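Everything on this sheet refers to the single structure shown next.
Methodologically, a virtual Cβ is constructed for each residue, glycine included, from the backbone with ideal geometry; neighbour enumeration extends over all protein chains shown. Values in this text are rule-based calculations from the coordinates and carry no lab data.
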Amino acid sequence: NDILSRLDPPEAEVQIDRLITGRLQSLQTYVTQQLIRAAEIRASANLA
Amino acid sequence: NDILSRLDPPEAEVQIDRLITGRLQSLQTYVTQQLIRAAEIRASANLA
Amino acid sequence: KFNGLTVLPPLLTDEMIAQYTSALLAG
Amino acid sequence: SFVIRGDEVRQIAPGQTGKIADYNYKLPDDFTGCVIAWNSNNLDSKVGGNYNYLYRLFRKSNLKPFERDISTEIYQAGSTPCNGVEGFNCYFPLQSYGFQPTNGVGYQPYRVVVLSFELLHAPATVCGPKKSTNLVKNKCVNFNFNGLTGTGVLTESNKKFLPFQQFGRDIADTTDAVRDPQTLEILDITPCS
Amino acid sequence: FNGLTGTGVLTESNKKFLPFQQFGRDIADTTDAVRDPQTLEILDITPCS
Amino acid sequence: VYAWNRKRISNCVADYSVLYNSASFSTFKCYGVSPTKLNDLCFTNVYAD
Amino acid sequence: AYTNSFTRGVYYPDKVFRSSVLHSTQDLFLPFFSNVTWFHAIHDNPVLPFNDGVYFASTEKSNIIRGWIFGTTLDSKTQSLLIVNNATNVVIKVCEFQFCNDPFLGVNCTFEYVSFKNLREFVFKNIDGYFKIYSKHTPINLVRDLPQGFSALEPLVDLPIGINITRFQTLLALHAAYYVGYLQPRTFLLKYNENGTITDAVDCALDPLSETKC
Ligand SMILES: *[C@@H]1O[C@H](CO)[C@@H](O)[C@H](O)[C@H]1NC(C)=O
Ligand SMILES: *[C@@H]1O[C@H](CO)[C@@H](O)[C@H](O)[C@H]1NC(C)=O
Ligand SMILES: *[C@@H]1O[C@H](CO)[C@@H](O)[C@H](O)[C@H]1NC(C)=O
Ligand SMILES: *[C@@H]1O[C@H](CO)[C@@H](O)[C@H](O)[C@H]1NC(C)=O
Ligand SMILES: *[C@@H]1O[C@H](CO)[C@@H](O)[C@H](O)[C@H]1NC(C)=O
Ligand SMILES: *[C@@H]1O[C@H](CO)[C@@H](O)[C@H](O)[C@H]1NC(C)=O
Ligand SMILES: *[C@@H]1O[C@H](CO)[C@@H](O)[C@H](O)[C@H]1NC(C)=O
């Protein structure tokens, strides 16, 4: 909202693109770690 | 060091950002492969 | 919290887990 | 505010290298402001030359952003020290602009005004003219507190803001609570369901 | 060394640089060894502990 | 313009301070290397077209 | 003389309300368990360096220390900040005042504003020409040295003087021991309570235990 409230679209799309790339990297890393942890938990539950 | 020794700080921020993005992608890929291989090794060690 | 990060409840509640463990233990 | 040469107008920018940029007025890279300039050859120019406008072209270090230097000390150009006496390898560090009306556009006086808006979060003193509206509590509203735009529900709360604190922040720096700039009262911001 | 900036420990070595070779490189193109431009001698660059 | 000269320059030391200092140059744009940090770098060859 | 600044010198790094959260910040604070120079006012107002910002505390009984001077040369040739806090008014002036050989109080200006049992803590720092007053008043019952404890310190005045300052001096009321600290760009961990008041802090460069805590 600070970026949107200070910049018109010609610079706002670049800054928003930087935010989207960073947050997409964070989300992909989080989902990958969640998938690995869910697989381990699945192995433990199969053992149980 | 070549980038730092040739370019002043405002322009360097961009090159260094390109290097950081590339090396972060390499590190994340390496850690993901290490996690998958460690999980497979864990399964083998549980079998052992 | 409030950034679209929600927690879905499990299908089986703790009372039903207790009932399953009770049934298995009694059997 | 200052008056420079028309060739020096482009130097008022972040990351700019030049005589005025390095020795007279340096801009930070993260500059949040505006640069305004206009020609004033009809005002700041004598018929024989208005030499009252001065600029620094001798300094042994580049200026740090927003630096003001009024040093009259003579530059030690050579290896020999200058004990306050100018001459050979000892130069007066300032130069006088020669402002004649017959000069070219690039060598004409330009009145430059530089605006800088510190956006550091504190009780704010300078706004724009906007018709204020009555606040509505316990309703999903599109609020705007001193330029901070968001959507949420404004409710009465008990978070004791300190008198110098204007905004409250969450873990992911979302605006958790605001103090109303008109009446000094405390309100939460809960996003709508 | 000729504009090549780095931090490390300079030690005497035995890596026989060819007469046209000025810099040596590692696997990750870090400067492994340099020839001094003043005296034509050979030195390793080992980064500090 | 078509018969632009090319001067090969070697075996010297270059301050570039006169190039910084002269204000007669209306246009001064450096692309691959930033202008300020020129004297700290030693280069293999320089061409002056 | 030197003494131990146990846990003092921590203020609010910004003006953002945080509660029940541990926050890490980068700002010029006083180090924990350090050597602050101890001065006396019995039976001493020298000129001291102003390297990167200075912590200042004072133990008071009858309001002897009442003023401040900041600048470089302090002889009306450069621009100097002068603060005088007499009986009820706090006077801040930035004129090029002419100073005596020892400035004391008996019992080209750009800005002007007019408004042991006590411990008066201050932090004075310069960031891009901004001069910031960080102060808090607390009661004490101690006379020998600076009491051991922790109290958060709060912003009151931000003054954009834009003056290059490297030398500072104090003022005394002559008919109160005081301590001079220094600030370095360290990393700290700030503990906020439920009321938004800083109650504890950890220097991430003090010892490896605090490194682990950070
Ligand atoms: C807004 O108006 C009220 C009176 O309705 C006044 O008390 C208050 O001080 C005003 N706000 C500011 C920032 O002056
Ligand atoms: C550096 O000086 C030495 C003498 O001390 C000389 O032999 C050598 O040739 C010089 N370096 C170059 C590149 O000429
Ligand atoms: C503080 O001073 C004491 C002597 O009074 C000295 O032993 C100690 O090393 C000093 N500590 C620091 C951090 O300078
Ligand atoms: C305090 O000092 C100021 C000096 O600026 C003086 O004008 C004033 O009379 C003094 N006394 C009070 C009560 O303010
Ligand atoms: C005030 O500053 C100006 C610089 O513009 C200087 O000429 C003048 O002497 C100063 N005033 C005094 C009293 O020194
Ligand atoms: C401030 O003044 C001191 C001398 O009193 C000087 O060494 C220093 O460079 C000055 N600071 C700046 C930013 O020019
Ligand atoms: C907050 O302040 C209230 C007084 O208004 C006090 O009763 C309470 O104990 C305080 N809470 C904390 C955690 O300090």
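Residue by residue, here is whether (1) more than 16 Å from ligand 6 (Cβ to nearest atom); (2) within 12 Å of residue D:109 (Cβ to Cβ) holds:
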{"site": "D:24", "(1), (2)": "no, no"}
{"site": "D:30", "(1), (2)": "yes, no"}
{"site": "D:41", "(1), (2)": "yes, yes"}
{"site": "D:50", "(1), (2)": "yes, yes"}
{"site": "D:62", "(1), (2)": "no, no"}
{"site": "D:72", "(1), (2)": "no, no"}
{"site": "D:75", "(1), (2)": "no, no"}
{"site": "D:78", "(1), (2)": "yes, no"}
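Condition test on residue G:203, is it away from ligand 2 (no atom under 16 Å from the Cβ), surrounded by fewer than 18 Cβ atoms within 10 Å (Cβ to Cβ) and of a type in the set (D, E, K, R)? When the stated conditions are applied, residue G:203 does not pass them.
Evaluated against (1) closer than 30 Å to residue B:40 by Cβ; (2) loosely packed, with under 10 Cβ neighbours inside 10 Å, residue A:8 falls short on exactly one condition, (1). Between F:16, F:31, F:20, F:2, the distinction of being more than 20 Å from residue D:16 (Cβ to Cβ) and hydroxyl-bearing (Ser, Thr, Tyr) belongs to F:2 only. Among the residues of segment G:161-168, is any within 16 Å of ligand 6 (Cβ to nearest atom) and not in a loop (DSSP other than H, G, I, E, B)? Yes; the residues of segment G:161-168 include at least one that is within 16 Å of ligand 6 (Cβ to nearest atom) and not in a loop (DSSP other than H, G, I, E, B).
Say whether the condition of being more than 16 Å from ligand 5 (Cβ to nearest atom), aliphatic (A, V, I, L, M) and within 14 Å of chain D (Cβ to nearest Cβ) is met by at least one residue in segment G:173-189. Let's see the steps before the verdict.
Taking segment G:173-189 as the starting set, the residues that turn out to be more than 16 Å from ligand 5 (Cβ to nearest atom) are G:173-189.
Within this subset, residues satisfying the condition of being aliphatic (A, V, I, L, M) are G:173-174, G:176-177, G:180, G:183, G:189.
Checking the rest, the ones that are also within 14 Å of chain D (Cβ to nearest Cβ) come to none.
Checked segment G:173-189: no residue is more than 16 Å from ligand 5 (Cβ to nearest atom), aliphatic (A, V, I, L, M) and within 14 Å of chain D (Cβ to nearest Cβ).
Considering segment D:19-43, and only residues there that are surrounded by 17 or more Cβ atoms within 10 Å (Cβ to Cβ) and either within 14 Å of chain B (Cβ to nearest Cβ) or at positive phi (or both), the residue that is farthest from the chain's Cα centre (by Cα) turns out to be D:22. State all residues of segment D:143-188 that are within 19 Å of residue D:122 (Cβ to Cβ), buried (at least 18 other Cβ atoms within 10 Å of the Cβ) and away from chain G (no Cβ under 12 Å); if no residue qualifies, say none. Correct list: D:145, D:187. Can you tell me which residues in segment D:86-119 are part of a strand (DSSP E or B) and touching a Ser or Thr at 6+ places or on another chain (Cβ under 9 Å)? The answer is D:90, D:94, D:99, D:109, D:110, D:111, D:112, D:113, D:114, D:116. Within segment B:23-37, residues that are closer than 16 Å to residue A:30 by Cβ reach partners that are part of a helix (DSSP H, G or I) with beta carbons closer than 7 Å, at six or more positions or on different chains, in the pairs B:28/A:29; B:32/A:32; B:35/A:36.
Picking from residues in segment F:2-39 that are among the polar types (S, T, N, Q) and over 24 Å from residue D:61 (Cα atoms), the one that is farthest from the other protein chains (Cβ to nearest Cβ) is F:5. The conditions of being under 30 Å from residue G:160 (Cα atoms) and assigned to a loop (DSSP other than H, G, I, E, B) are not met by residue D:81.
Just to be sure before I move on: is residue G:54 within 14 Å of another protein chain (Cβ to nearest Cβ) and either surrounded by 14 or more Cβ atoms within 10 Å (Cβ to Cβ) or away from ligand 5 (no atom under 16 Å from the Cβ) (or both) in the structure I sent?
Details: within 14 Å of another protein chain (Cβ to nearest Cβ): no; either surrounded by 14 or more Cβ atoms within 10 Å (Cβ to Cβ) or away from ligand 5 (no atom under 16 Å from the Cβ) (or both): yes.
The answer is no for residue G:54.
Residues that are farther than 17 Å from residue G:191 by Cβ: list the strands (runs of 3 or more DSSP E) wholly contained in segment G:1-42 that include at least 3 such residues. The qualifying strands (runs of 3 or more DSSP E) are G:2-5, G:34-39. Within segment F:40-49, the set of residues being in a loop (DSSP other than H, G, I, E, B) and within 14 Å of chain E (Cβ to nearest Cβ) comprises F:40, F:41, F:42, F:43, F:44, F:45.
Checked against the criterion of being within 11 Å of another protein chain (Cβ to nearest Cβ) and within 30 Å of residue D:146 (Cβ to Cβ), the candidates A:2, A:17, A:8 yield just one match: A:2.
From the set of residues in segment G:1-29 that are of a type in the set (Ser, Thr, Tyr) and more than 12 Å from chain D (Cβ to nearest Cβ), which is farthest from residue G:44 (Cα to Cα)?
Filtering segment G:1-29 down to residues of a type in the set (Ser, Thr, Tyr) leaves G:2-3, G:5, G:7, G:11-12, G:19-20, G:24-25.
Still in the running and more than 12 Å from chain D (Cβ to nearest Cβ): G:2-3, G:5, G:7, G:24-25.
Values: G:2: 15, G:3: 17, G:5: 21, G:7: 26, G:24: 38, G:25: 36 Å.
Filtering segment G:1-29 for residues that are of a type in the set (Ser, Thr, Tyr) and more than 12 Å from chain D (Cβ to nearest Cβ), the one farthest from residue G:44 (Cα to Cα) comes out as G:24.
Beta carbons closer than 6 Å, at least 6 apart along the sequence or on distinct chains, pair a first residue in segment G:165-191 that is of a type outside the set (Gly, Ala, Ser) with a second that is within 16 Å of ligand 5 (Cβ to nearest atom) and not in a strand (DSSP E or B) for G:166/G:72; G:167/G:72.
State all residues of segment G:72-96 that are of a type in the set (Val, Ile, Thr) and either closer than 19 Å to residue G:172 by Cα or more than 16 Å from ligand 5 (Cβ to nearest atom) (or both); if no residue qualifies, say none.
We begin by selecting, within segment G:72-96, every residue of a type in the set (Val, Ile, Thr); these are G:72-73, G:78, G:83-84, G:88, G:90-92, G:94.
Within segment G:72-96, G:83, G:84, G:88, G:90, G:91, G:92 meet the criteria.
The set of residues from segment E:22-42 being within 16 Å of ligand 2 (Cβ to nearest atom) and over 17 Å from residue E:3 (Cβ atoms) comprises E:39, E:40, E:41, E:42.
Scanning segment G:145-168 for residues being crowded, with 18+ Cβ neighbours inside 10 Å and aromatic (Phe, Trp, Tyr) gives a total of 1. Evaluate the following for residue D:64: is it within 14 Å of chain G (Cβ to nearest Cβ) and either loosely packed, with under 15 Cβ neighbours inside 10 Å or of a type in the set (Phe, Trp, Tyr) (or both)? Spelling it out, residue D:64 is indeed within 14 Å of chain G (Cβ to nearest Cβ) and either loosely packed, with under 15 Cβ neighbours inside 10 Å or of a type in the set (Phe, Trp, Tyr) (or both).
In segment D:118-134, the residues that are away from every other protein chain (no Cβ under 12 Å) form Cβ pairs under 9 Å with partners that are among the aromatic types (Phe, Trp, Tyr), at six or more places apart or across chains, as follows: D:126/D:117. Scan segment G:115-135 for residues that are within 8 Å of the chain's Cα centre (by Cα) and either buried (at least 19 other Cβ atoms within 10 Å of the Cβ) or of a type outside the set (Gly, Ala, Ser) (or both) and the total you get is 6.
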